[PDB]
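The file final_17.txt contains compact mmCIF, C-alpha atoms (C1' of nucleotides):
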```
# COMPACT_ATOMS: atom_id res chain seq x y z
CA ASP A 2 -17.28 -29.89 12.76
CA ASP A 3 -20.74 -28.73 11.82
CA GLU A 4 -20.86 -27.27 15.34
CA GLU A 5 -17.81 -25.24 14.30
CA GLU A 6 -19.06 -24.19 10.87
CA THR A 7 -22.45 -23.15 12.22
CA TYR A 8 -20.75 -21.03 14.90
CA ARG A 9 -18.52 -19.43 12.26
CA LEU A 10 -21.48 -18.68 9.99
CA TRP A 11 -23.42 -17.21 12.93
CA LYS A 12 -20.54 -14.96 14.02
CA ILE A 13 -19.93 -13.81 10.45
CA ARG A 14 -23.61 -12.99 10.03
CA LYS A 15 -23.68 -11.05 13.30
CA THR A 16 -20.65 -9.00 12.24
CA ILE A 17 -22.19 -8.33 8.83
CA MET A 18 -25.43 -7.10 10.41
CA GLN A 19 -23.44 -4.84 12.74
CA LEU A 20 -21.48 -3.53 9.75
CA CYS A 21 -24.66 -2.86 7.78
CA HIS A 22 -26.22 -1.04 10.73
CA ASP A 23 -23.08 1.08 11.15
CA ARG A 24 -23.12 1.90 7.44
CA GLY A 25 -26.71 3.06 8.00
CA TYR A 26 -28.72 0.31 6.32
CA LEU A 27 -32.02 -0.59 7.97
CA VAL A 28 -31.30 -3.60 10.20
CA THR A 29 -33.77 -4.82 12.81
CA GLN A 30 -32.80 -5.23 16.45
CA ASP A 31 -33.92 -8.87 16.30
CA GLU A 32 -31.45 -9.81 13.57
CA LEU A 33 -28.76 -7.63 15.10
CA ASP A 34 -28.92 -9.63 18.37
CA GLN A 35 -29.83 -13.10 16.99
CA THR A 36 -28.41 -15.87 19.20
CA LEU A 37 -26.68 -19.05 18.04
CA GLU A 38 -29.65 -21.30 18.83
CA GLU A 39 -31.93 -18.90 16.95
CA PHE A 40 -29.56 -19.09 14.00
CA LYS A 41 -29.66 -22.89 14.20
CA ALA A 42 -33.47 -22.67 14.29
CA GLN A 43 -33.72 -20.37 11.26
CA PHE A 44 -31.00 -21.78 8.99
CA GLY A 45 -29.89 -25.17 10.31
CA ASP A 46 -27.24 -27.03 12.23
CA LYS A 47 -25.50 -29.14 9.54
CA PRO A 48 -24.03 -27.04 6.72
CA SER A 49 -22.18 -30.17 5.59
CA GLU A 50 -25.64 -31.64 5.04
CA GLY A 51 -26.37 -28.47 3.06
CA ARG A 52 -28.57 -27.15 5.87
CA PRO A 53 -27.88 -24.23 5.56
CA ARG A 54 -26.37 -23.74 2.18
CA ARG A 55 -24.29 -20.59 2.09
CA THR A 56 -26.63 -19.41 -0.67
CA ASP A 57 -29.29 -19.33 2.05
CA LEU A 58 -27.17 -16.91 4.12
CA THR A 59 -27.44 -14.10 1.56
CA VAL A 60 -28.52 -10.71 2.95
CA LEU A 61 -30.28 -7.80 1.25
CA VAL A 62 -30.67 -4.47 3.06
CA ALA A 63 -31.83 -0.95 2.20
CA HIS A 64 -30.52 2.42 3.36
CA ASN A 65 -32.37 4.32 6.09
CA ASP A 66 -32.39 7.45 3.92
CA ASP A 67 -33.48 5.87 0.63
CA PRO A 68 -35.29 2.52 0.25
CA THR A 69 -33.97 2.21 -3.32
CA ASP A 70 -30.33 2.31 -2.16
CA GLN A 71 -29.73 -1.37 -1.46
CA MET A 72 -26.80 -3.68 -0.77
CA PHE A 73 -26.27 -7.42 -1.09
CA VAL A 74 -24.07 -9.60 1.03
CA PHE A 75 -23.00 -12.76 -0.82
CA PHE A 76 -21.34 -15.81 0.75
CA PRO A 77 -19.92 -17.82 -2.18
CA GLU A 78 -19.82 -21.58 -1.67
CA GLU A 79 -16.53 -22.06 -3.40
CA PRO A 80 -13.47 -21.35 -1.24
CA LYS A 81 -11.54 -19.39 -3.90
CA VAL A 82 -13.89 -17.23 -5.91
CA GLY A 83 -13.27 -16.79 -9.63
CA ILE A 84 -14.59 -14.50 -12.34
CA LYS A 85 -17.48 -16.84 -13.18
CA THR A 86 -18.98 -16.23 -9.73
CA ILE A 87 -18.42 -12.49 -9.95
CA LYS A 88 -20.24 -12.49 -13.30
CA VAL A 89 -23.14 -14.39 -11.70
CA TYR A 90 -23.39 -11.75 -8.98
CA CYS A 91 -23.06 -8.93 -11.51
CA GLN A 92 -26.02 -10.41 -13.40
CA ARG A 93 -28.13 -10.74 -10.26
CA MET A 94 -27.30 -7.15 -9.30
CA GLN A 95 -28.19 -5.95 -12.80
CA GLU A 96 -31.58 -7.61 -12.80
CA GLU A 97 -32.50 -6.58 -9.25
CA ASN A 98 -30.97 -3.14 -9.94
CA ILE A 99 -28.71 -3.20 -6.86
CA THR A 100 -25.48 -1.22 -7.14
CA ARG A 101 -23.61 -2.28 -3.95
CA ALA A 102 -22.58 -5.74 -2.84
CA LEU A 103 -20.18 -7.31 -0.35
CA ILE A 104 -18.64 -10.63 -1.34
CA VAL A 105 -17.50 -12.68 1.66
CA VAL A 106 -14.92 -15.24 0.60
CA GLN A 107 -13.67 -18.24 2.53
CA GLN A 108 -10.08 -18.54 1.36
CA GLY A 109 -9.51 -15.81 -1.18
CA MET A 110 -10.26 -14.48 -4.61
CA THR A 111 -8.62 -15.02 -7.96
CA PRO A 112 -6.52 -12.31 -9.62
CA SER A 113 -9.04 -12.12 -12.44
CA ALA A 114 -11.89 -11.66 -9.95
CA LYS A 115 -9.88 -9.03 -8.07
CA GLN A 116 -9.36 -7.12 -11.30
CA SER A 117 -13.03 -7.54 -12.20
CA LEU A 118 -13.98 -5.79 -8.97
CA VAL A 119 -11.82 -2.86 -10.09
CA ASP A 120 -13.00 -2.80 -13.69
CA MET A 121 -16.72 -2.50 -12.91
CA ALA A 122 -16.26 -0.18 -9.94
CA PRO A 123 -18.03 3.00 -11.18
CA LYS A 124 -21.38 1.33 -11.81
CA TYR A 125 -21.27 -1.67 -9.46
CA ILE A 126 -19.21 -1.41 -6.28
CA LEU A 127 -18.13 -4.89 -5.21
CA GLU A 128 -16.07 -5.33 -2.06
CA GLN A 129 -14.12 -8.35 -0.85
CA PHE A 130 -13.99 -9.58 2.73
CA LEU A 131 -12.34 -12.72 3.99
CA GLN A 132 -14.50 -14.65 6.43
CA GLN A 133 -11.59 -14.64 8.88
CA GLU A 134 -11.61 -10.84 9.11
CA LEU A 135 -15.37 -10.95 9.82
CA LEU A 136 -15.16 -13.38 12.72
CA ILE A 137 -14.53 -10.36 14.99
CA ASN A 138 -15.93 -6.85 14.65
CA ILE A 139 -12.73 -4.78 14.90
CA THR A 140 -14.66 -1.64 15.82
CA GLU A 141 -15.51 -3.18 19.20
CA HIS A 142 -11.82 -3.53 20.07
CA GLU A 143 -10.61 -1.14 22.78
CA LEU A 144 -7.73 0.24 20.68
CA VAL A 145 -10.04 1.36 17.85
CA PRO A 146 -11.71 4.73 18.58
CA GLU A 147 -15.10 5.79 17.25
CA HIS A 148 -15.06 6.50 13.49
CA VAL A 149 -17.82 8.67 11.99
CA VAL A 150 -18.03 9.20 8.23
CA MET A 151 -18.66 12.87 7.48
CA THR A 152 -21.02 14.33 4.91
CA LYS A 153 -19.70 16.53 2.10
CA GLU A 154 -21.33 19.54 3.76
CA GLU A 155 -19.56 18.80 7.03
CA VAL A 156 -16.23 18.53 5.19
CA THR A 157 -16.86 21.91 3.54
CA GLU A 158 -17.59 23.38 6.99
CA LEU A 159 -14.45 21.76 8.42
CA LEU A 160 -12.13 23.07 5.70
CA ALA A 161 -13.75 26.52 5.91
CA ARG A 162 -13.43 26.64 9.72
CA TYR A 163 -9.74 25.72 9.93
CA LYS A 164 -8.99 27.38 6.56
CA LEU A 165 -7.16 24.37 5.22
CA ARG A 166 -6.90 22.23 2.11
CA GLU A 167 -7.80 18.55 2.08
CA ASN A 168 -4.15 17.64 1.53
CA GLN A 169 -3.30 19.26 4.90
CA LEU A 170 -5.49 16.84 6.87
CA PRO A 171 -3.85 13.64 8.08
CA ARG A 172 -4.70 10.67 5.89
CA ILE A 173 -6.24 7.21 6.16
CA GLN A 174 -5.61 4.49 3.59
CA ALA A 175 -8.65 3.19 1.73
CA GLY A 176 -7.30 -0.27 2.58
CA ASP A 177 -7.33 0.47 6.29
CA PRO A 178 -9.36 -2.19 8.14
CA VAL A 179 -11.79 0.41 9.49
CA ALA A 180 -12.04 2.29 6.20
CA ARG A 181 -12.88 -1.06 4.60
CA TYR A 182 -15.43 -1.72 7.34
CA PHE A 183 -17.20 1.60 6.71
CA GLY A 184 -16.65 1.29 2.97
CA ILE A 185 -15.31 4.80 2.57
CA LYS A 186 -13.73 5.80 -0.73
CA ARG A 187 -10.93 8.15 -1.68
CA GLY A 188 -11.66 11.78 -0.82
CA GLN A 189 -14.12 11.05 1.97
CA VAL A 190 -13.29 12.23 5.49
CA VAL A 191 -13.76 10.25 8.70
CA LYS A 192 -14.22 12.06 12.00
CA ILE A 193 -12.50 10.24 14.87
CA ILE A 194 -13.63 10.76 18.47
CA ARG A 195 -11.18 9.54 21.10
CA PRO A 196 -10.80 10.13 24.84
CA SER A 197 -7.76 12.03 26.01
CA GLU A 198 -5.95 11.91 29.33
CA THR A 199 -5.24 15.66 29.21
CA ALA A 200 -8.23 17.33 27.52
CA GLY A 201 -10.89 14.72 28.23
CA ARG A 202 -11.92 14.35 24.60
CA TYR A 203 -10.22 14.94 21.28
CA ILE A 204 -11.57 14.88 17.73
CA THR A 205 -9.33 14.35 14.72
CA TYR A 206 -10.11 14.08 11.02
CA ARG A 207 -8.57 11.81 8.39
CA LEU A 208 -8.88 12.16 4.62
CA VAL A 209 -9.17 8.83 2.81
CA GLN A 210 -6.43 8.25 0.25
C1' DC B 1 -22.03 -28.33 -28.10
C1' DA B 2 -19.57 -29.79 -23.76
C1' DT B 3 -15.91 -30.49 -22.91
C1' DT B 4 -10.60 -30.66 -23.32
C1' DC B 5 -6.67 -28.94 -24.14
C1' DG B 6 -3.03 -25.82 -24.80
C1' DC B 7 -1.32 -21.52 -24.35
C1' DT B 8 -0.73 -16.57 -22.10
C1' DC B 9 -0.54 -14.01 -18.17
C1' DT B 10 -0.29 -12.76 -13.38
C1' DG B 11 1.45 -12.88 -8.66
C1' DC B 12 3.36 -15.25 -4.90
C1' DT B 13 8.10 -17.04 -2.57
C1' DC B 14 13.25 -16.99 -2.15
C1' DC B 15 17.13 -16.09 -3.28
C1' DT B 16 21.19 -12.57 -4.87
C1' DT B 17 22.54 -8.10 -4.76
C1' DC B 18 23.42 -3.57 -2.93
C1' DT B 19 23.15 0.34 -0.52
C1' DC B 20 22.91 2.79 3.85
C1' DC B 21 24.17 3.77 8.82
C1' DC B 22 26.92 3.31 13.31
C1' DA B 23 27.14 9.85 20.57
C1' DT B 24 29.08 14.87 21.47
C1' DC B 25 33.01 18.02 22.24
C1' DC B 26 38.04 18.66 23.52
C1' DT B 27 43.73 17.87 24.04
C1' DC B 28 48.42 16.16 22.55
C1' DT B 29 52.38 13.76 19.69
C1' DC B 30 54.17 11.45 15.50
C1' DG B 31 55.12 9.99 10.36
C1' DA B 32 54.60 11.18 5.37
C1' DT B 33 53.97 14.10 1.94
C1' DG B 34 57.39 17.21 -0.42
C1' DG B 35 58.32 16.45 -8.48
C1' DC B 36 66.12 16.62 -14.44
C1' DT B 37 70.30 19.33 -17.10
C1' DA B 38 70.38 22.26 -20.94
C1' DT B 39 70.83 23.73 -25.91
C1' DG B 40 68.01 24.63 -30.11
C1' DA B 41 64.05 26.45 -33.03
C1' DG B 42 60.39 29.36 -33.27
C1' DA B 43 55.95 32.37 -32.58
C1' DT B 44 54.26 36.29 -30.02
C1' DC B 45 53.66 41.32 -29.72
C1' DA B 46 55.77 44.87 -26.54
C1' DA B 47 57.80 48.37 -28.09
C1' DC B 48 61.35 51.66 -31.11
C1' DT B 49 60.89 54.91 -35.43
```
Encoding of this model in structure tokens:
Amino acid sequence: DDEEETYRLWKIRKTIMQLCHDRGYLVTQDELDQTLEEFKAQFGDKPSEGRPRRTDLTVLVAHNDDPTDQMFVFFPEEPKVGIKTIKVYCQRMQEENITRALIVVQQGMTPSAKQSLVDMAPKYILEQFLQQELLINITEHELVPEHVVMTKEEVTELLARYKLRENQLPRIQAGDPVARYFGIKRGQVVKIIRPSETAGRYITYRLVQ
DNA sequence: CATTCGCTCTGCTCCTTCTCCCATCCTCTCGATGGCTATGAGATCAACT
């Protein structure tokens, strides 16, 4: 029971570190490859005993390109997170001056909390993940090809090369599992590199909608 | 002043409802559809002078 919850927490942490590394936040190799017994050593083996508390699991990371661009990962203790908890995180983000955070929720989020993530979105970007959808890194699955988020300059070069408008690219939904993983917003473009049985390799581009 | 209570507002199911669609081309035969009589008033303007 605690042997199950500690395994879940470890897997979720591993996936979150992989996600942060793929978003380009500075993540050490040691924490990226931390084993289950090392997790038990650092945080504990009886989360029902409060060892760890899920408040202990919180992560803070900084971007490789700018040490002031920082992101939290929060693991709320309550199963169904309400607006009180979002307000607590908003306060903590305001005082630490952190604009991005991921909120990992065990069972869900209340309608009011969902709307509160929308209504603060320009200044503080809060994202919801279920813990279930973090128990496996979907980008390691064999059906999912390599996704690379493009820079604005690279999109301008793309559109200038093929002489096309953004609306002529094929789309990806902002709610797509992989778009959510990379955290890409409307109007960004993701380069996709996939093998092909007739050319050898093929690149395609999707505009987020 | 820490509840506590009551009241408004989503949003998640489970119906009922309703609207849409159902291979291509070609030949033949057969049935069915298949619509007053007549006398008056009376307005028009084509057309004679």
Where's the centre, and what are the edge lengths in Å to one decimal, of a box along x, y and z enclosing all listed atoms of segment 33-46 of chain B padded 8 Å per side, as JSON?
```
{"center_x": 62.2, "center_y": 29.5, "center_z": -15.7, "size_x": 33.2, "size_y": 46.8, "size_z": 51.2}
```
Could you check which of A:71, A:65, A:29, A:113 is closest to chain B, using all atoms listed in the file?
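Nearest candidate to chain B out of A:71, A:65, A:29, A:113: A:113.
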How many Å lie between atom CA of residue 140 of chain A and atom CA of residue 179 of chain A, rounded to one decimal?
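Straight-line distance from atom CA of residue 140 of chain A to atom CA of residue 179 of chain A works out to 7.2 Å.
The residues of chain A lying at most 12 Å from chain B, with only C-alpha atoms (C1' of nucleotides) taken into account, are residues 111, 112, 113, 115 and 116 of chain A.
Our summary of the geometry notes that atom CA of residue 73 of chain A is positioned 5.7 Å from atom CA of residue 60 of chain A.
Separating atom CA of residue 149 of chain A from atom CA of residue 106 of chain A is a distance of 26.6 Å.
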What's around residue 175 of chain A at 12 Å? Count all atoms listed in the file, leave out sequence neighbours fewer than 5 positions away in its own chain, and write the answer as a ChimeraX atom specification.
/A:128,180-191,207-210
What does the file look like for those residues with C-alpha atoms, as a short mmCIF file (atom, residue, chain, number, x, y, z; two decimals), in the frame of the given file?
```cif
data_model
loop_
_atom_site.label_atom_id
_atom_site.label_comp_id
_atom_site.auth_asym_id
_atom_site.auth_seq_id
_atom_site.Cartn_x
_atom_site.Cartn_y
_atom_site.Cartn_z
CA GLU A 128 -16.07 -5.33 -2.06
CA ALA A 180 -12.04 2.29 6.20
CA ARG A 181 -12.88 -1.06 4.60
CA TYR A 182 -15.43 -1.72 7.34
CA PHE A 183 -17.20 1.60 6.71
CA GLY A 184 -16.65 1.29 2.97
CA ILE A 185 -15.31 4.80 2.57
CA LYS A 186 -13.73 5.80 -0.73
CA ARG A 187 -10.93 8.15 -1.68
CA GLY A 188 -11.66 11.78 -0.82
CA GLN A 189 -14.12 11.05 1.97
CA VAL A 190 -13.29 12.23 5.49
CA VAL A 191 -13.76 10.25 8.70
CA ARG A 207 -8.57 11.81 8.39
CA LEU A 208 -8.88 12.16 4.62
CA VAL A 209 -9.17 8.83 2.81
CA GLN A 210 -6.43 8.25 0.25
#
```
Select, counting all atoms listed in the file, all protein, DNA and RNA residues no farther than 12 Å from (-20.7, -0.2, -11.0) in file coordinates, and express the selection as an NGL selection string.
:A and (91-92 or 94-95 or 98-102 or 117-128)
Take the selection from the previous step and output its residues with C-alpha atoms, as an mmCIF file, in the coordinates of the input.
```
data_model
loop_
_atom_site.group_PDB
_atom_site.id
_atom_site.type_symbol
_atom_site.label_atom_id
_atom_site.label_comp_id
_atom_site.auth_asym_id
_atom_site.auth_seq_id
_atom_site.Cartn_x
_atom_site.Cartn_y
_atom_site.Cartn_z
ATOM 1 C CA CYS A 91 -23.060 -8.930 -11.510
ATOM 2 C CA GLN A 92 -26.020 -10.410 -13.400
ATOM 3 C CA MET A 94 -27.300 -7.150 -9.300
ATOM 4 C CA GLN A 95 -28.190 -5.950 -12.800
ATOM 5 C CA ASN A 98 -30.970 -3.140 -9.940
ATOM 6 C CA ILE A 99 -28.710 -3.200 -6.860
ATOM 7 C CA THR A 100 -25.480 -1.220 -7.140
ATOM 8 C CA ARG A 101 -23.610 -2.280 -3.950
ATOM 9 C CA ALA A 102 -22.580 -5.740 -2.840
ATOM 10 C CA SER A 117 -13.030 -7.540 -12.200
ATOM 11 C CA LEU A 118 -13.980 -5.790 -8.970
ATOM 12 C CA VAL A 119 -11.820 -2.860 -10.090
ATOM 13 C CA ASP A 120 -13.000 -2.800 -13.690
ATOM 14 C CA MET A 121 -16.720 -2.500 -12.910
ATOM 15 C CA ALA A 122 -16.260 -0.180 -9.940
ATOM 16 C CA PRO A 123 -18.030 3.000 -11.180
ATOM 17 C CA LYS A 124 -21.380 1.330 -11.810
ATOM 18 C CA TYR A 125 -21.270 -1.670 -9.460
ATOM 19 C CA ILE A 126 -19.210 -1.410 -6.280
ATOM 20 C CA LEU A 127 -18.130 -4.890 -5.210
ATOM 21 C CA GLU A 128 -16.070 -5.330 -2.060
#
```
